[PDB]
Each structure stands twice: as structure tokens, then as C-alpha cells.
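Need the 3D shape of this:
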Amino acid sequence: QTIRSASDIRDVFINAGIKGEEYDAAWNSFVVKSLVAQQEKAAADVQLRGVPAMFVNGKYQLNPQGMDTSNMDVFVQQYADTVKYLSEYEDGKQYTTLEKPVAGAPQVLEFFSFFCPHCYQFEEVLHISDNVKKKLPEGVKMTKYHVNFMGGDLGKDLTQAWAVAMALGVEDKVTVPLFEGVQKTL
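Numbering: from 1, shown residues only. Have a look at this structure:
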């Protein structure tokens with residue numbers, strides 16, 4: 001169940017409960033085609049240099065380097081808070097303001113890769129994700145986009161695979177199995 005190829009990614013989806021026909025149907029769908037393009041554009045729109053990264057309303061970029069890292073606990077609590085705050089802490093510290101705002105951007109957008117070790121931690125060690133969306137205000141959702149500038153050929157397939165996950169609404173079912181399958185390969 002390690003992920004070294006496209007078919008391996010398919011296997012993980014199947015073992016998550018998505019049937020191969022549904023996966024293939026979505027893999028080749030218009031919506032998924034459109035989602036891979038938008039994942040790429042949205043990264044380009046904020047001039048994304050790397051992951052993990054998080055942006056609020058196309059306006060603000062979370063700045064974990066300007067956060068209290070005394071310990072893990074305090075850091076996770078402050079990160080989930082800055083997200084709460086901005087979705088309603090001084091500029092240049094816990095967050096920065098984008099020069100040219102991205103209109104039409106999701107309320108809260110995280111960028112990640114199944115290849116990125118700090119992304120695996122953010123998601124399944126620090127639980128930054130779970131922790132921010134447990135404090136996220138009502139009517140505000142967290143979106144996650146996969147980036148294709150990591151992992152070569154396999155990275156692009158994972159970006160299209162994620163588009164399928166979003167297309168079918170099975171993000172919660174495959175996130176962990178996908179992180180595990182790629183990180184095990186490391």
C-alpha cells in the first residue's frame with residue numbers, strides 16, 4: 001500500500017471505499033480536469049513558494065515563523081487562533097498581508113503535498129487542520145489544495161487524485177491513507 005505510481009494511488013482510494021469505476025469516471029471527468037487547473041492557478045495567484053502554507057480569503061498568509069514556538073502545544077493553539085481571528089495578532093508577525101489580494105479565493109485555503117514531511121506533521125501530528133476547523137467560525141470551511149511542484153510525475157498524479165477526492169467529496173477517507181502511503185516510501 002506504499003504509493004510509487006498512479007495505480008498505487010487508485011488502490012488506496014479503492015481500499016478507502018471508492019470503487020474503481022467511480023474513481024476512473026471522476027479521474028477523467030470535466031470537474032476533476034477543472035479542479036487540477038484551479039489548484040495550480042490558486043498557487044500561482046498567491047505566488048506560492050512552498051508548503052505547507054495557509055491563506056485566508058485570498059488576503060492573508062499565515063506566518064508560523066512569527067508565532068510562539070516555545071512548545072508544540074502553544075504553537076498549534078496560536079496557529080488555530082490566528083486562523084480564527086483572520087476569518088472574522090499584528091500584521092508582519094503571525095500573518096502577513098498579500099500585496100495583490102486574490103478575489104474569489106476560498107475562505108481558508110491550505111496548500112500541501114503528500115510528499116512534504118512537515119505537511120504530514122501539520123495534518124497528522126500537529127493536527128493544525130483538525131485544530132483550526134474545530135475553532136473555525138460557523139459557515140466557514142477549510143479547503144485544501146495539493147501542489148504539483150513536488151514529487152515529479154507522481155506529484156502530478158497525486159494532484160489529480162486529490163481533485164478526484166474533492167470531486168467525490170471523499171477527502172476525509174483518503175487523506176491519511178494517502179499521506180501514509182507516500183511517506184512510507186520515503
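
Which residues are in contact with residue 42?
Applying Cβ atoms under 8 Å, 6 or more residues apart in numbering, we find residue 42 in contact with 102, 105, 109, 145. In this view, the C-beta of every residue, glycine as well, is placed from N, C-alpha and C.

Kindly apply the preceding question to residue 111 instead.
43, 48, 51-55, 144-147.

Can you tell me the element it falls in?
Using DSSP states H and E, residue 111 falls within strand 108-112.

What residues sit buried inside the helix or strand just after that strand?
As assigned by DSSP H and E, the chain's next helix or strand after strand 108-112 is helix 117-124. Going by neighbour count (16 or more other Cβ atoms under 10 Å), the buried part of helix 117-124 is 119-123.

Adding distance to residue 26, write those residues out as JSON lines.
Output for these, formatted as JSON lines (distance: Cβ to Cβ, whole Å):
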{"residue": "119", "distance to residue 26": "23"}
{"residue": "120", "distance to residue 26": "25"}
{"residue": "121", "distance to residue 26": "29"}
{"residue": "122", "distance to residue 26": "26"}
{"residue": "123", "distance to residue 26": "22"}
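
for those, which one is nearest residue 1?
residue 120 (15.6 Å; Cβ to Cβ).

how much space between that closest one and residue 73?
19 Å (Cβ to Cβ, to the nearest Å).

which residues sit in contact with residue 114?
3, 120, 146, 151, 158, 178-179, 181-183.

helix, strand or coil for the spatially most central residue of the chain?
For the chain, the residue nearest the mean C-alpha position is residue 144 (3.3 Å; Cα atoms, centre = their mean). With DSSP: H, G, I helix; E, B strand; the rest coil as the basis, residue 144 sits in strand.

returning to that earlier point: go through the contacts of residue 111 and flag which are in strands.
53-55, 144-146 (DSSP state E).

residue boundaries of the helices in this protein?
6-16, 20-27, 30-45, 72-86, 117-124, 128-132, 152-168, 171-183 (DSSP state H).

In JSON lines: these, plus distance to residue 95.
Output for the helices of the chain, formatted as JSON lines (distance: least, Cβ to Cβ, whole Å):
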{"stretch": "helix 6-16", "distance to residue 95": "34"}
{"stretch": "helix 20-27", "distance to residue 95": "35"}
{"stretch": "helix 30-45", "distance to residue 95": "17"}
{"stretch": "helix 72-86", "distance to residue 95": "6"}
{"stretch": "helix 117-124", "distance to residue 95": "16"}
{"stretch": "helix 128-132", "distance to residue 95": "13"}
{"stretch": "helix 152-168", "distance to residue 95": "25"}
{"stretch": "helix 171-183", "distance to residue 95": "25"}
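
hmm, back to that, name the member of the contacts of residue 111 with the most neighbours.
residue 146 (30 neighbours; other Cβ atoms under 10 Å).

That residue - nearest residue in space that isn't next to it in sequence?
residue 162 (3.9 Å; Cβ to Cβ, 6 or more residues apart in numbering).

Confirm for me that that neighbour is in contact with residue 143.
No. At 11.2 Å, residue 162 and residue 143 do not qualify as touching, with contact defined as Cβ atoms under 8 Å.
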